[PDB]
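Any chance you can model this:
(chains A and B)
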There are 2 protein chains.
Amino acid sequence: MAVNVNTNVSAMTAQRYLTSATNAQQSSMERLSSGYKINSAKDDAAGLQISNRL
Amino acid sequence: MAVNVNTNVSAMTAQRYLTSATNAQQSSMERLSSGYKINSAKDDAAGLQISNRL
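Residues are numbered from 1 along each chain as shown, chains lettered A, B, ... in the order given. Shown next is the structure:
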(Lines give C-alpha, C1' and ligand atoms only; values in the text may rest on other atoms or scores of the structure.)
Protein backbone atom coordinates (compact mmCIF):
# COMPACT_ATOMS: atom_id res chain seq x y z
CA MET A 1 0.00 0.00 0.00
CA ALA A 2 0.94 3.68 0.21
CA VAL A 3 1.79 4.00 3.91
CA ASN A 4 1.35 7.76 4.00
CA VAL A 5 0.07 10.45 6.33
CA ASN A 6 -1.32 12.99 3.86
CA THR A 7 -4.28 10.79 2.89
CA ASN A 8 -6.30 8.59 5.26
CA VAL A 9 -8.67 6.61 3.05
CA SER A 10 -9.68 4.35 5.95
CA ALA A 11 -10.73 7.38 7.98
CA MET A 12 -12.71 8.81 5.05
CA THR A 13 -14.88 5.72 4.52
CA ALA A 14 -15.54 5.36 8.25
CA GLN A 15 -16.54 9.03 8.19
CA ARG A 16 -19.17 8.39 5.53
CA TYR A 17 -20.66 5.50 7.52
CA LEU A 18 -20.54 7.50 10.75
CA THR A 19 -22.45 10.37 9.13
CA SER A 20 -24.93 8.00 7.48
CA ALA A 21 -25.61 6.30 10.82
CA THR A 22 -25.83 9.59 12.74
CA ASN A 23 -28.33 11.05 10.27
CA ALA A 24 -30.25 7.77 10.45
CA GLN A 25 -30.35 8.09 14.24
CA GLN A 26 -31.40 11.72 13.82
CA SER A 27 -34.13 10.50 11.46
CA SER A 28 -35.31 8.63 14.53
CA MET A 29 -35.64 10.46 17.87
CA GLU A 30 -38.09 12.74 16.04
CA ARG A 31 -40.49 10.02 14.99
CA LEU A 32 -40.52 8.96 18.65
CA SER A 33 -41.11 12.50 19.93
CA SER A 34 -43.70 13.50 17.34
CA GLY A 35 -45.46 10.14 17.47
CA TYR A 36 -45.56 9.90 13.66
CA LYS A 37 -43.24 8.00 11.33
CA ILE A 38 -43.89 10.69 8.70
CA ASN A 39 -43.59 14.36 9.64
CA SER A 40 -41.71 15.70 6.59
CA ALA A 41 -42.55 15.12 2.94
CA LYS A 42 -39.15 13.51 2.29
CA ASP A 43 -40.06 10.58 4.56
CA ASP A 44 -43.01 9.42 2.44
CA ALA A 45 -44.37 11.49 -0.45
CA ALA A 46 -47.21 9.01 -1.00
CA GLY A 47 -48.09 8.84 2.69
CA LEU A 48 -48.31 12.60 3.15
CA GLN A 49 -51.00 13.14 0.51
CA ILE A 50 -53.20 10.22 1.56
CA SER A 51 -52.81 10.75 5.31
CA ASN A 52 -53.84 14.41 5.10
CA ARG A 53 -57.01 13.32 3.30
CA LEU A 54 -57.98 10.86 6.04
CA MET B 1 53.85 4.76 -16.79
CA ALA B 2 51.00 6.34 -14.82
CA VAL B 3 51.35 7.66 -11.28
CA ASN B 4 50.97 11.41 -10.79
CA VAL B 5 49.43 14.18 -8.70
CA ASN B 6 48.16 16.68 -11.27
CA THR B 7 45.18 14.52 -12.28
CA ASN B 8 43.31 12.43 -9.70
CA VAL B 9 40.87 10.43 -11.82
CA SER B 10 39.65 8.31 -8.91
CA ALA B 11 39.01 11.49 -6.91
CA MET B 12 36.63 12.80 -9.57
CA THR B 13 34.99 9.39 -9.95
CA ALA B 14 34.09 9.14 -6.27
CA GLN B 15 33.17 12.83 -6.31
CA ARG B 16 30.74 12.24 -9.18
CA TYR B 17 29.09 9.39 -7.28
CA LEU B 18 29.12 11.55 -4.14
CA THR B 19 26.85 14.17 -5.70
CA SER B 20 24.86 11.49 -7.52
CA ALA B 21 24.10 10.22 -4.00
CA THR B 22 23.57 13.54 -2.21
CA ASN B 23 21.26 14.70 -5.01
CA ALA B 24 19.12 11.59 -4.56
CA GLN B 25 19.33 12.22 -0.82
CA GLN B 26 18.38 15.84 -1.52
CA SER B 27 15.36 14.56 -3.44
CA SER B 28 14.54 12.57 -0.32
CA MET B 29 14.11 14.34 3.05
CA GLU B 30 11.71 16.53 1.06
CA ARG B 31 9.24 13.85 -0.02
CA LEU B 32 9.22 12.67 3.60
CA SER B 33 8.71 16.17 4.99
CA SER B 34 6.04 17.25 2.50
CA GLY B 35 4.40 13.83 2.32
CA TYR B 36 4.08 14.08 -1.48
CA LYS B 37 6.36 12.23 -3.86
CA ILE B 38 5.20 14.77 -6.48
CA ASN B 39 6.15 18.32 -5.53
CA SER B 40 7.83 19.57 -8.72
CA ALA B 41 7.01 18.83 -12.35
CA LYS B 42 10.50 17.39 -12.89
CA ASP B 43 9.65 14.38 -10.71
CA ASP B 44 6.69 13.32 -12.87
CA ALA B 45 5.34 15.68 -15.53
CA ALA B 46 2.40 13.41 -16.37
CA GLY B 47 1.76 12.68 -12.70
CA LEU B 48 1.47 16.38 -11.89
CA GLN B 49 -1.36 16.93 -14.37
CA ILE B 50 -3.48 13.96 -13.32
CA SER B 51 -2.86 14.62 -9.62
CA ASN B 52 -3.83 18.29 -9.95
CA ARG B 53 -6.99 17.35 -11.85
CA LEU B 54 -7.84 14.76 -9.20
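
And residue A:12, how close does it get to chain B?
Separation of residue A:12 from chain B (CB to the nearest CB, to the nearest Å) stands at 14 Å. Every residue, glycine included, has its C-beta placed from N, CA and C.

Hmm, I typed the wrong one, I wanted residue A:51.
Between residue A:51 and chain B the computed distance is 47 Å (CB to the nearest CB).

What is the burial count for the closest residue to residue A:51 other than its chain neighbours?
Distance criterion CB to CB, 6 or more residues apart in numbering or on different chains; nearest residue to residue A:51, sequence neighbours excluded, is residue A:38 at 6.9 Å. Neighbour count of residue A:38, defined by other CB atoms under 10 Å in any protein chain shown: 15.

which residues touch residue A:38?
By CB atoms under 8 Å, 6 or more residues apart in numbering or on different chains, the contact set of residue A:38 is A:44, A:47, A:48, A:51.

nearest to chain B, of those?
Proximity of these to chain B, judged by CB to the nearest CB, is greatest for residue A:44, which lies at 39.1 Å.

Identify the residue spatially nearest to the closest one, adjacent ones excluded.
Sequence neighbours aside, residue A:38 is the residue nearest to residue A:44 in space, at 4.7 Å (criterion: CB to CB, 6+ apart).

got the phi/psi numbers for the one you found?
When read as degrees, to the nearest 10, the backbone of residue A:38 gives phi -130, psi 110.

returning to that earlier point: show me the contacts of residue A:38 that map onto helices.
Counted as lying in helices by DSSP state H, out of the contacts of residue A:38, are A:47, A:48, A:51.

Now these in CSV, please, with extra columns for neighbour count.
Below are these laid out as CSV (neighbours: other CB atoms under 10 Å in any protein chain shown):
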residue, neighbour count
A:47, 13
A:48, 15
A:51, 11
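
does residue A:22 count as helix, strand or coil?
Assigned with DSSP: H, G, I helix; E, B strand; the rest coil, residue A:22 falls in the helix class.
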